[PDB]
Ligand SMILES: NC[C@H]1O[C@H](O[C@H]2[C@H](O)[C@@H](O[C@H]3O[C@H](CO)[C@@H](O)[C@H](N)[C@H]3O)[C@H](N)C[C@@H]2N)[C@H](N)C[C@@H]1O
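Before any questions on how it binds or moves, here is one chain, the form deposited without this ligand, in structure tokens.
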């Protein structure tokens, strides 16, 4: 893991845009991949923290460029771009900022019912248009393989938790992996471009007009299962309700919602385990302890 100063960031952006004048620079956020810098209150510049991050940055730029004016809600335009360097394919990129505030469950449930129903409509049309884009010109490295994902994750789990779990408890996490790989519903889907991180934090809302005014954070977008963009909208209570997400599903004219829900139940359980890895990686004791408490708990 590396990090950047404000001076490092300004220098990089000047050499490649030596005419561009940086006036105000604050940090807007940080994810697993990238530190976001807000520049001139109008642009978000993202800088990778590692190789994989720089790869995802590159993919995010190529994806956004490619759908630039294609979708029925605003999304970041790529305005500025950096260069390859050692392991880094994209040294940085800069994007338009998007006015609005996250459509949190709280905010959502406090809107009048006609505005909530309009929100379900807008999300559906967005997802539907996104999922329609033809993929036959995307490189193969952007097609996610879920069998391989599962095998990687089962392997990392077994390493982290070797000294934390008794044999019967390890067996039961392995039972989870074993069974999902043996069930074709999770691998037998029509691949399309998906946001791959489609939740409340990344849906921007205009509180004046009481409508949705943006989607952001395409850093994990890929070619994968479109149903994944519906199941991410739900997370017990921490995200939206089934009732809300159903209106999305029906506006989008999805033809097998049971399958969506089966993927939902699976993903809930899957994140029960995956959180433990992120838990150890970032030192987040909620994710690590609660995950480990669920495994040890005999309720299941």
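Only residues modelled in both forms are compared. For the two forms, the rigid core is made up of the largest set of C-alpha atoms that agree within 1.5 Å on superposition. Positions refer to the first chain, counted from 1.
The same protein also exists as the form solved in complex with this ligand; that form is not shown, yet it is the one meant from here on.
With the partner left out here, this ligand still marks one of 194-202, 136-144, 113-121, 79-87 in the deposited complex; by a 4.5 Å heavy atom cut-off that stretch is 194-202. Contact check for residue 238: a non-hydrogen atom falls within 4.5 Å of this ligand in the deposited complex.
This ligand in the deposited complex comes within 4.5 Å of a heavy atom belonging to residue 278. Shown alone here, residue 32 lies within 4.5 Å of this ligand in the deposited complex, counting heavy atoms only. The shortest heavy atom separation between residue 287 and this ligand in the deposited complex is within 4.5 Å. The rigid-core alignment places the CA of residue 209 less than 2 Å apart between the shown form and the other one. Relative to the superposed core, residue 289 undergoes a C-alpha shift of no less than 2 Å between the shown form and the other one. For residue 86, the Cα coordinates differ by under 2 angstroms between the shown form and the other one after the core has been superposed. With a change of no less than 3 Å, the CA-CA distance between residue 9 and residue 283 is smaller in the deposited complex than in the form shown. Annotation: residue 233/residue 286 CA-CA distance longer in the deposited complex than in the displayed model, change of at least 3 Å. Core-superposed difference between the shown form and the other one: segments of three or more residues with every CA shifted 2 Å or more are 145-178, 236-238, 272-297.
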